[PDB]
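Asks: Just passing along the structure, written as structure tokens.
6 protein chains.
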Amino acid sequence: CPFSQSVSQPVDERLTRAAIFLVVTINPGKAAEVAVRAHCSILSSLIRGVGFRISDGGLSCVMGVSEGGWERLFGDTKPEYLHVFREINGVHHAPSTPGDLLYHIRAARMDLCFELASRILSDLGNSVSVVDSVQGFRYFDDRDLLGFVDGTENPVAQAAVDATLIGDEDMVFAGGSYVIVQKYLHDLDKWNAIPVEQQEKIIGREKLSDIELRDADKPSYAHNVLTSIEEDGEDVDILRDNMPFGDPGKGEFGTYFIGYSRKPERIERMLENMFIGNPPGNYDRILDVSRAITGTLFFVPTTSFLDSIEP
Amino acid sequence: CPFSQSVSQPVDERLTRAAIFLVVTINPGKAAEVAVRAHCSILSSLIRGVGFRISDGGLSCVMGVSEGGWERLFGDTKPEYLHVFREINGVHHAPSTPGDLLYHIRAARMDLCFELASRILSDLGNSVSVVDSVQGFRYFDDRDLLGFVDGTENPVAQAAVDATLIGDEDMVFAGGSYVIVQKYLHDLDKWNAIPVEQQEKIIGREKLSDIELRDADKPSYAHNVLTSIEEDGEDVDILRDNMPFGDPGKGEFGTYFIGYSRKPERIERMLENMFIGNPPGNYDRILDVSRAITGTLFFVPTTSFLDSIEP
Amino acid sequence: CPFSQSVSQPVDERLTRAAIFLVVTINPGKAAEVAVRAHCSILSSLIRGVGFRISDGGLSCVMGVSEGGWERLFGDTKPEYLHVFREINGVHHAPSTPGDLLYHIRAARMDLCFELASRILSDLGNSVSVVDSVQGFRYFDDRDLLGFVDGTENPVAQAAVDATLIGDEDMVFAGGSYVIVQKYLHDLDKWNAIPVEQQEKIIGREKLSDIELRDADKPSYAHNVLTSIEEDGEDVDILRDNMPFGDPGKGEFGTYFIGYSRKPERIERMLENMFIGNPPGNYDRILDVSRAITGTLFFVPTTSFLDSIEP
Amino acid sequence: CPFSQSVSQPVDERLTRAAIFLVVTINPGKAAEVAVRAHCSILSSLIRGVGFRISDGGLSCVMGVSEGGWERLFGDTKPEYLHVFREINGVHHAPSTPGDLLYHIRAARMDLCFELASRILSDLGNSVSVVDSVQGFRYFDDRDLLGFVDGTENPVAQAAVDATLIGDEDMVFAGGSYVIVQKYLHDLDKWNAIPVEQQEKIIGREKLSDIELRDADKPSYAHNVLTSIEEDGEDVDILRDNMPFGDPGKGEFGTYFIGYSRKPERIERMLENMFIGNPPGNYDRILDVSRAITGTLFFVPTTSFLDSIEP
Amino acid sequence: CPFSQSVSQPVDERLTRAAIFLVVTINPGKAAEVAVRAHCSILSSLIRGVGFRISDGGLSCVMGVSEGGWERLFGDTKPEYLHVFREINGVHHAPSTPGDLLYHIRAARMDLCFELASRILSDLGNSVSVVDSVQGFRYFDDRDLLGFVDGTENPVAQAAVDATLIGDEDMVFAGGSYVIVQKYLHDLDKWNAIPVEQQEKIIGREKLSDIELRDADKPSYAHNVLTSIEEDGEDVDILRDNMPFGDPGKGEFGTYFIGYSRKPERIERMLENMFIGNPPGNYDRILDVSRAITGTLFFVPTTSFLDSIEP
Amino acid sequence: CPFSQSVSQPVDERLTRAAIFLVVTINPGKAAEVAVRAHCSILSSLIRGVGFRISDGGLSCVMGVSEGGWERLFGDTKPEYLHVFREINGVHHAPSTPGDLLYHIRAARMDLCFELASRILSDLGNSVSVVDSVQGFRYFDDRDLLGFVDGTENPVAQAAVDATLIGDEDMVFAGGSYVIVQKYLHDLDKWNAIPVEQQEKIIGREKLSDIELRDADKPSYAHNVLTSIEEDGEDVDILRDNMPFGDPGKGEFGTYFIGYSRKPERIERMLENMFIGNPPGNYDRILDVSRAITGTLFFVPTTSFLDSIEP
Ligand code: HEM
Ligand code: HEM
Ligand code: HEM
Ligand code: HEM
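Protein chains in written order, with the deposited numbering: chain U, 3 to 313; chain F, 3 to 313; chain E, 3 to 313; chain X, 3 to 313; chain D, 3 to 313; chain R, 3 to 313.
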């Protein structure tokens, strides 16, 4: 019975009022690998120490390893579906970016994430180089920067566990997951110039009432229509924890999309439908106001596996 | 009876869990001045609209105008003590930076400050250029990044009103104030290498217990000793709302110092004592781990005066 | 593994600060049946949409179908214990009232229940006719209008699951339940004229201390004595969520009794003991100040069964 | 220094999550007048007793007396502006309804208002007859049933005191106020069929962002334009505490408008502008979906005056 | 304008969930007096330091000096009404106990009071000897150990200020107050054996409903009747903050009565009415189940006076 | 499936803001045993009644029986590891104290524990004699009186269940546990005189940051090093709920250590390592400032076993 990381529990508990996405790369050399492998076993103790002081803080941290990082750190067989993120070249472009270790830190207060990230980076020292560091926050009542409520159709409780945690398909990694991260920059002026009814149709839900739309009223290019896919005749869901972020001073507004799954094929299919179009040419209008500049895939191993690594 | 801005009330209410310091400069041309003057009268309506939706949000915004901005916008006589911030050249350097308008936004949640700053910048458009935009947050239990509780000796209720709000010295501006803003970048590795007793003596208070030290145990260069000054034989206090800020990914850690007063002479004297030393050469050791890179002085007029400007 | 509705979880979580009981009847005609069957599959999506926006809202909705409604909607075999509620003619009368669909909506705030009920009724349109619509609220510290704490002896966690959810007795409906609803109108003047010790003995517990009474001090007609019944030599419990309601202007005060079980025989036996008396003539004095005007029985199917209906 | 009732303090404190408007008429006979006059002096003790038990409950009650009630109860000179509410016959009709005593009860929980109203009605007994009894609740984030945030432009702190409390114009009643109550029933289907931009223009603010509109974009019949009036060249504000209410089962949806002032002439002018039109024929479109069925004017005396009445 | 201590503000704010009453005596010798006089000026700094860390903690501390302590510490003229507490010998006995300094510490959490008391005692060292140290806590919903709600008839806001703070009767001490402290030990078995109606009549209010009783139903020996006294034909109120306390293990149950006034004559008259009887022989039945073992009177000077003492 | 008591659930839920440890002895005679056996079956009903009224109160009570109490009450075979606590005579002394029944009461408020303890003692009457009664409270942010965060390394969720609840080693008592209680009195003056770095090394963690220390920096006598033991090559954890307590007036400061386990051998080994030393002579320095005066071992049976006892 391998203990799994806090992947779906924080979402269901619904306490993440602040988050930090930290994508770092391992510097060349064996010493950096040794330092990272040593810090792997103490990550859990750091998590407990940093978040025990602030009760009801909901502090959690998910560590993910990409294909290159896993090749550099653990040379044993890799998971079945672990591979470099595939770029998509359709009506829009989804680039692939370097990354070896992903730290997704969530807490009910920003200071907890700040302290945990500072401790992690200080312990890692010069062994890693920070590639991306995004500080996301909950915007109003679970709304994103486009004004629409996000996260409604996420699976809850047992459904989330069945959708994210890997079963017996890859026993040697039972309890792991696959995470896909992307960063979108929004064109708020263009979105705001769009009439409210057009946004109504594009998203496929309602703005204020957050109630869905009837199948007779949702066009073929609705966001929730293109992202609805099925396997073996049954609909399969993924866990999303998109977080708004930005800096007003530089005029930067964006959303950090993060998706957990037991199979990255589902998320890749959803990305293909959104970018290439299903059928081709029928792309999602959301990409007309949102630009993707960062995208990567990581593997999330079990907590016991992390605690079982010897330097 | 001129209505004063929310200068001391937010501090006493103690609800600022997040803040944004936005220092912008007015672009050359009369059109930019006209746009700023028009937005001046609608700032209050924007504040009310943005912060009424989130009850117990504690949203407040203080707008300050520097000497150059006041000269460009209102050509009538200026306040008595409004002048360009004086740089200090002692054992350390405190630079002076350009700035025309200061927006100090405070709220119990980050999203309110985000929305207010975005609305203000969108309304201002191209008339202003953003010089500095710092997002500060409350760190643990009112502690700064150095680990010491900050804000203990702030005046409360009537004392704060008497210390910040201008009396009859400049009737034509009764209800205004002077605000001095600085940005400090910390060297946390050097501070952490310092023994706990040395930090104990340098700050002049205790770390955990936050209790003061006896006058027989505080050296002449204690931080709370050098910052204690008197006028006409009576001690005079200032209102401080320093806010920690930073980005772990770039390794940036700092504190945004903000000080309100009825007379900037007090804050300038405190800065002279800290940097030059009282007596000279006996500087505060805090500057040995903190570097000042931004410093400016602004004037905060009354709410009625802001509402009374005609474009 | 059929997913069960939120029957016992809201009670154990203890967040229902407001509730709406909506008993409606299906209008004659096949079109109304088709509309209800279509709305059955979208009820869950409506629930999620309406209650995701208000975090920690605890919004839940239980839909129940009576014998006539089940006969009109699904013509396949009915559950084993689904039948028209039996009226009781003893010292008091418990009438039976028409009803086809029951909506029990619970939330921590009244507005969520209001929005959900409005959406449900708007979607149903003219296909249904509202028979009863009662808005109940939590009165002080879980007290009913008679001044006594109610809900103390409810089963918690696993006991509630074993008492409410149907096991293998009716496999084809595993995960369902039976719900019995009644509406009582109180005579508060008569109850208040009764001495505190007489109410002490009638209820069988204490008023303020909410502690029980010794078996030597509880008469044979104590409320908690007559409602304590056993099956096969073992005591069996039922889940109750009685909610006070009323309108001061019309002088209307009452309690909405709702009871969930895996077998309605237990609740019917409890009703027989309370009304007819055990032994006959030894009725509960609570009925001397409370009048029952509405009573109905419904069947609560599983969430998966509701989602699996095709129009 | 006459102590004033909690007229503006509850609004500024912003804790009214539930309210009850109870309009009753005094039955003919001297005994009813004597009973009401006796209960007048014990109303404050009842208020304290009922609301002291639930800390942070924010329980308050405002008692108002109409012209007829004041004539029947106190035969001394009446306030200057106390008169029967004037009906308005323009494009829409605003009826006048009987009423002698008004009880506006507000609390953070519904049960407190329930208990206070029940106690008041029980103490009054048969001396009064209930004419209207409306239970209002806060809908989502201070939004009314039309989906727009209401209460943004209300005066706060000293402005509210100067707008509601009577000064020296009628010394003998210093500290009193005038309250105008109306009940509106909404046609939600017609409002919802209206496009979002048309509602945008009709209300004069924005829906989600709750930010105002520029004077170049608000038509002459915007709701906030017609309700903006001035006295002696200065804009004068009134205090509004409109509360949504309704029953889904009967399909009843409405808003209870309540307005406090030091002079009812302002509210009457606002009503004339909304109904007759300014200029005539340019009425507010809100009345096209809202029907007024109840409207009355009451006088709110000081707490000391209420405590000083001898039976 | 002398600043007054937090005497009435904590009660009106209603945040005291825990309190510590510490009555200590000054050891003989001039050194103890010097140490106490030195700690007097740093008490405020200690208060701020100890309670700034726990936001919304509501930490306050009132220091009072008795007649002997004032004679030993300050040899200048004493307040007009400062004298040794007078023992009362009627049907019951109210003893007088030694005491020089009184510390009434209040906070929303017990740990704050613990820390403040520990710091005060550590700073005082051997200069003082602890006579009494009682840890009181709020019992349920502002109820005392007898089951009745206490504190309902306390003056609020301006009335409390006028009742507690000394006016111009003793200018040299404007802003001070007089505090009377007593400790009562309850006989809960005897009180519980008393019927609920007899307790109803003895207290003079209701138990659950906390509503008063009509003057025709309250006997002459009701607790709220004997404690209602008038000066110059006008009723005068006092501020009470009675706190339940006890230890179950030793079977000790009691109430710590504390009363603030601008004139101790009112509290002494109330004590005479309760113990001797008004008329004599008509004593309060509360003393039949409560025994007084400690009683003392102290003077509370202004905060500025405390800060102005030089060792 | 025997239902287990609330042993690990309250700790994981993290709501114990107040606790009472009540160690009592059974008086000689069969009547006392009969009374205790009768109260055993009603303890659960008392718990539910006392803690249902205060929602989110987190009230729980654990009843434990020592070897002598179990011999006097139930004469059937005892658990495998139930025995009298063994005193330890090394560099320090850990005494053994009499005790028959242990009541560990926990709640989010002190009043709930007070009421429950009072009810339990009143029901027990003269059948038991109170030996120890300690009222503990949470000190600041889960810190003990020594200033270090305590409870960080406690097992959570499934690990706690596996560490505390007895498996199949003693089937007849499956679901029980063993609890070891000790009372330590602290010498705060000696601890405070110790430099912060020496406390840093003695505890083995950090004070403010609550982060652990590297194995190269923790000496052999670190507290967390000596208390880390293994069974069969695997580390085994125990559940600790130490609670600070004391009385400032008497200068009494201490910590009540409580430890739950499926095997008391682990706790006895930890005590031997701390007191005797591992290797001998290398004792924990914590005992140099803390004195143990009370120590006892009890057995905690299942809830079903308690409910199944017949008087
Ligand atoms: C800036 C980027 C995006 C934004 C602002 C956005 C926004 C939204 C919103 C508002 C909804 C409806 C609320 C809900 O269903 O919970 C939604 C639905 C959804 N989106 Fe996105 N989305 C973005 C990108 C993506 C991407 C890249 C994916 C997958 C690779 C994705 C997958 C989904 C899924 C699975 C749903 C649920 C629809 C359903 O279950 O019917 N989204 N999105
Ligand atoms: C206006 C109607 C009623 C009121 C005010 C009322 C009130 C109460 C109260 C105050 C208690 C004790 C608190 C508690 O046990 O949690 C209780 C117990 C109980 N009542 Fe009711 N009751 C009503 C009707 C009913 C009905 C109609 C039934 C069943 C058909 C019922 C079944 C029970 C049960 C099972 C218990 C638990 C007793 C035990 O477990 O020993 N009640 N009731
Ligand atoms: C164990 C001791 C006492 C207990 C349990 C107790 C309890 C109560 C209670 C329950 C009330 C009604 C609640 C309220 O009026 O707020 C009350 C009223 C009052 N008591 Fe006490 N009391 C005690 C001793 C005293 C003493 C010694 C005094 C004065 C020296 C006093 C002065 C008052 C006053 C002024 C009132 C307000 C009555 C009114 O305003 O009409 N009490 N007491
Ligand atoms: C006054 C007495 C004691 C105090 C103040 C104290 C304090 C502490 C502190 C601050 C920690 C580190 C925080 C943590 O690990 O959660 C700790 C660790 C621990 N202590 Fe204690 N302790 C005391 C007595 C004991 C005793 C008597 C035992 C066992 C019989 C014990 C067993 C443990 C254990 C198991 C740990 C966890 C260490 C680890 O998992 O590596 N403690 N103690």
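Where is the CB? At the ideal position from N, CA and C, for every residue including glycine.
#1: Could you list which residues in chain R have their beta carbon closer than 9 angstroms to that of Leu-190 (chain U), in chain order?
#2: Residues of chain R with a CB under 9 angstroms from the CB of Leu-24 (chain F): which are they?
#3: Using 8 angstroms as the limit for Cβ to Cβ distance, is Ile-205 (chain U) near chain E?
#4: If the cut-off is 7 angstroms on Cβ atoms, which residues from the stretch 206-218 of chain F count as contacting chain R, listed in chain order?
#5: Using 8 angstroms for Cβ pairs, my map puts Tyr-83 (chain R) next to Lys-265 (chain R). What's the rounded Cβ distance?
#6: Closest by CA to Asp-134 (chain X), which one among X:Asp-164, X:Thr-296, X:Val-64 and X:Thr-305?
#7: Is there a C-beta anywhere in chain X that falls below 8 angstroms from the one on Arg-264 (chain D)?
#8: Use the C-beta contact count for residue 2 (chain U): other C-beta atoms within 10 angstroms, 16 or more gives buried, fewer gives exposed.
#9: In the structure shown, what three-state DSSP assignment does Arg-268 (chain F) receive?
#10: Using alpha carbons as the reference points, say which of R:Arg-145, R:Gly-253, R:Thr-154 and R:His-188 lies closest to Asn-226 (chain R).
#11: Count the other CB atoms, across all protein chains shown, that sit within 10 Å of the CB of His-106 (chain E); report buried if there are 16 or more and exposed otherwise.
#12: Could you check if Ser-179 (chain D) is buried or exposed, using at least 16 other CB atoms within 10 Å of its CB as the buried criterion?
#13: For a test of the three-state rule: what should DSSP assign to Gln-137 (chain R), helix, strand or coil?
#14: Name the two residues that bound the continuous beta strand (DSSP E) containing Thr-304 (chain U).
#15: Quick one: residues in its chain with C-beta nearer than 7 angstroms to the C-beta of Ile-168 (chain E), no 5 flanking neighbours on either side, listed in chain order?
#16: What does the alpha-carbon distance come out to for the pair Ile-204 (chain E) and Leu-103 (chain D)?
#17: Counting only C-beta atoms, is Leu-104 (chain D) closer than 8 angstroms to chain R at any point?
#18: Would you please verify whether the beta carbon of residue 1 (chain F) is less than 8 angstroms from any beta carbon of chain D?
#19: For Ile-269 (chain E), I'd like the list of residues in its chain whose CB is within less than 7 angstroms of its CB, leaving aside the five on either flank, ordered along the chain.
#20: For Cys-63 (chain U), which residues does DSSP report across the bridge?
#21: Give the range of the alpha helix (DSSP H) segment to which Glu-73 (chain E) is assigned.
#22: First and last residue of the alpha helix (DSSP H) that includes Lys-32 (chain U)?
#23: Counting only beta-carbon atoms, is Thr-229 (chain E) nearer than 8 angstroms to chain R?
#24: Across which residues does DSSP place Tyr-180 (chain X) in a beta bridge pair?
#25: For the candidate residues X:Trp-72, X:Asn-275 and X:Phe-301, whose alpha-carbon lies nearest to that of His-95 (chain X)?
Replies: The short version:
#1: For this step, residue 190 (chain U) is matched to residue 188 along the first sequence. For the C-beta of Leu-190 (chain U), not a single chain R residue is nearer than 9 angstroms; the gap to the nearest is close to 40 angstroms.
#2: Counting from 1 along the second sequence, the entry for residue 24 (chain F) is found at position 22. Identification of chain R residues near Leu-24 (chain F) by a Cβ-Cβ cut-off of 9 angstroms yields none; the smallest Cβ-Cβ distance measures about 32 angstroms.
#3: Residue 205 (chain U) sits at position 203 when you count from the first residue of the first sequence. It does not; no Cβ of chain E falls within 8 angstroms.
#4: For chain R, the residues of the stretch 206-218 of chain F that bring a beta carbon within less than 7 angstroms of one of its beta carbons are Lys-209 and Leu-210, in chain order.
#5: Locating residue 83 (chain R) in the sixth sequence gives position 81, counting from the first residue. Locating residue 265 (chain R) in the sixth sequence gives position 263, counting from the first residue. Correct: roughly 6 angstroms between the Cβ atoms.
#6: Here residue 134 (chain X) is taken as the residue at index 132 of the fourth sequence, counted from 1. Ranking X:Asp-164, X:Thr-296, X:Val-64 and X:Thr-305 by CA distance to the CA of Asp-134 (chain X) puts X:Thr-296 first.
#7: Numbered from its first residue, the fifth sequence carries residue 264 (chain D) at position 262. No, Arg-264 (chain D) does not count as interfacial toward chain X.
#8: In this structure chain U extends from 3 to 313, so residue 2 (chain U) is not present and cannot be described.
#9: For the purposes of this step, residue 268 (chain F) is taken as the residue at position 266 of the second sequence. In this structure, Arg-268 (chain F) counts as helix in the three-state DSSP scheme.
#10: Here residue 226 (chain R) refers to the residue found at position 224 when the sixth sequence is read from its first residue. Ranking the options by Cα distance to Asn-226 (chain R), first place goes to R:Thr-154.
#11: Residue mapping note: residue 106 (chain E) aligns to position 104 of the third sequence, counting from 1. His-106 (chain E) is buried by the Cβ-count criterion.
#12: For the purposes of this step, residue 179 (chain D) is taken as the residue at position 177 of the fifth sequence. Buried.
#13: Taking the first residue of the sixth sequence as position 1, residue 137 (chain R) is located at position 135. Three-state DSSP puts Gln-137 (chain R) in a strand.
#14: Residue 304 (chain U) sits at position 302 when you count from the first residue of the first sequence. Careful: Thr-304 (chain U) lies outside any beta strand (DSSP E) and carries neither H nor E.
#15: Counting from 1 along the third sequence, the entry for residue 168 (chain E) is found at position 166. Cβ within range, chain order: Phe-175, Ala-176, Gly-177, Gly-178, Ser-179 and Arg-264.
#16: For this step, residue 204 (chain E) is matched to residue 202 along the third sequence. For this step, residue 103 (chain D) is matched to residue 101 along the fifth sequence. If you draw a straight line from the Cα of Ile-204 (chain E) to the Cα of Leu-103 (chain D), it comes to about 53 angstroms.
#17: Position 102 of the fifth sequence, counted from the first residue, corresponds to residue 104 (chain D). Interface flag for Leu-104 (chain D) against chain R is unset, since no Cβ pair is found closer than 8 angstroms.
#18: Residue coverage of chain F in this structure runs from 3 to 313, which leaves residue 1 (chain F) outside it and unanswerable.
#19: One-based indexing of the third sequence puts residue 269 (chain E) at position 267. Scanning its chain for C-beta atoms nearer than 7 angstroms, with the 5 sequence neighbours on each side dropped, one finds around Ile-269 (chain E) the residues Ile-182, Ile-240, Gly-261 and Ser-263, in chain order.
#20: Taking the first residue of the first sequence as 1, we reach residue 63 (chain U) at position 61. DSSP, once it has assigned bridges, lists U:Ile-107 as partnering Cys-63 (chain U).
#21: If you number the third sequence from 1, residue 73 (chain E) lands on position 71. It spans 69-75 - the alpha helix (DSSP H) in which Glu-73 (chain E) sits, taken as one unbroken run.
#22: As a first step, residue 32 (chain U) is located in the first sequence; it is residue number 30 there, counting from the start. 32-54 is the extent of the alpha helix (DSSP H) around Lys-32 (chain U).
#23: Taking the third sequence and counting its residues from 1, the one referred to as residue 229 (chain E) is at position 227. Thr-229 (chain E) does not count as touching chain R.
#24: On the fourth sequence, residue 180 (chain X) is found 178 positions in, with the first residue counted as 1. According to the DSSP secondary-structure assignment, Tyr-180 (chain X) is paired through a beta bridge with X:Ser-263 and X:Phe-301.
#25: Taking the fourth sequence and counting its residues from 1, one reaches residue 95 (chain X) at position 93. Minimum Cα distance to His-95 (chain X) is reached at X:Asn-275.
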